Amino acid sequence: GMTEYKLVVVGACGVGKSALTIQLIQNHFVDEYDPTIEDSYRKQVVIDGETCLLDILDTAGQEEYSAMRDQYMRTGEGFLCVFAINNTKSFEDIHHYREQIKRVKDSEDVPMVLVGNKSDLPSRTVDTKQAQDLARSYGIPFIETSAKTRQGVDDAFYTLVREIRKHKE
Ligand SMILES: *CCC(=O)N1C[C@H](C)N(c2nc(OC[C@@]34CCCN3C[C@H](F)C4)nc3c(F)c(-c4ccc(F)c5sc(N)c(C#N)c45)c(C(F)(F)F)cc23)C[C@H]1C
Ligand SMILES: Nc1nc2c(ncn2[C@@H]2O[C@H](COP(=O)(O)OP(=O)(O)O)[C@@H](O)[C@H]2O)c(=O)[nH]1
Ligand SMILES: [Mg+2]
């Protein structure tokens, strides 16, 4: 029947994982959202003329490496790797998130998009060119977003869907 895309949103505390997912799926911006609340979000969408189902895990809570957690992340088809453009530590953590994706999927060829969120803010601390260079070194797209204004948000998620489609060929 209808194709379902299983996406996983990862990244450090406070980068906007929840805000991005709730904006895309529930059409509003949360000014704050408890960092322990983890949910799968679902919506039917049309992407490049294809009607499909998005099933998006907004990861939260604690870092942990039980076999069950590994296996749950293994079911993800594509990963949105989010940092905030005013949080250098969140950008420095991206390497770690990519390595865990590669470990559980046992592949360097996993659909992934690098997302620099909070683009609406002044006084960024992560240079866009440094982020582009990191994405270039991984061979993945890089997209700047604002969960607050929704600039780039749908583009970022739809780009990940397009990468999953491509990987299926
Ligand atoms: C504020 C709470 C929050 O939103 N968090 C995001 C997720 C839930 N957390 C998380 N944290 C880390 O690393 C945190 C940190 C800082 C302390 C030391 N440690 C290492 C680095 F320094 C950064 N890492 C996470 C993950 F790697 C993953 C994850 C991603 C892909 C993957 F295939 C697997 S398999 C598996 N098990 C895990 C785990 N854990 C991953 C995840 C995810 F939810 F599973 F996707 C979360 C990670 C806690 C805080 C930051
Ligand atoms: N200005 C601005 N604030 C944001 C944006 N995305 C998230 N936030 C805020 O940043 C804080 C952390 O966001 P949250 O989604 O909880 O981050 P998470 O821990 O990664 O899930 C919250 O106060 C959000 O309202 C954004 O794009 N712009
Ligand atoms: Mg959250």
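Values in this text are rule-based calculations from the coordinates and carry no lab data. All Cβ positions, even for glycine, are placed from backbone atoms using ideal geometry, and neighbour counts span all protein chains on display.
Overview of values
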{"read-out": "Strands (runs of 3 or more DSSP E) completely within region 1-94 that count 1 or more residues being of a type in the set (D, E, K, R), touching a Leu at 6+ places or on another chain (Cβ under 8 Å) and more than 8 Å from ligand 1 (Cβ to nearest atom)", "value": "4-11, 39-47, 50-58"}
{"read-out": "Residue list for region 95-135, filter: within 16 Å of the chain's Cα centre (by Cα) and either of a type in the set (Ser, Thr, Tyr) or part of a strand (DSSP E or B) (or both)", "value": "97, 112, 113, 114, 115, 116, 117, 119"}
{"read-out": "Number of the exception - residue 30 against (1) near ligand 2 (Cβ under 7 Å from one of its atoms); (2) touching a residue at least 24 places away in the same chain (Cβ under 8 Å)", "value": "(2)"}
{"read-out": "All positions within region 80-94 that are buried (at least 18 other Cβ atoms within 10 Å of the Cβ) and either of a type in the set (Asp, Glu) or within 14 Å of the chain's Cα centre (by Cα) (or both)", "value": "80, 81, 82, 83, 84, 90, 91, 93, 94"}
{"read-out": "Counted residues, region 95-117 - those being closer than 13 Å to residue 74 by Cα and touching a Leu at 6+ places or on another chain (Cβ under 7 Å)", "value": "1"}
{"read-out": "Residue among 103, 98 that is away from ligand 2 (no atom under 16 Å from the Cβ), crowded, with 20+ Cβ neighbours inside 10 Å and of a type in the set (D, E, K, R)", "value": "98"}
{"read-out": "Evaluation of residue 26 against (1) within 16 Å of ligand 3 (Cβ to nearest atom); (2) touching a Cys at 6+ places or on another chain (Cβ under 7 Å) (one fails), failing number", "value": "(2)"}
{"read-out": "Matching option when the condition is under 21 Å from residue 118 (Cβ atoms) and either touching an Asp or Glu at 6+ places or on another chain (Cβ under 6 Å) or surrounded by 13 or more Cβ atoms within 10 Å (Cβ to Cβ) (or both), among 43, 17", "value": "17"}
{"read-out": "Residues (away from ligand 2 (no atom under 12 Å from the Cβ) and either polar (S, T, N, Q) or closer than 13 Å to residue 60 by Cβ (or both)) located in region 1-27", "value": "3, 8, 26, 27"}
{"read-out": "Those residues of region 152-166 which are of a type outside the set (A, V, I, L, M) and touching an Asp or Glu at 6+ places or on another chain (Cβ under 7 Å), in sequence order", "value": "152"}
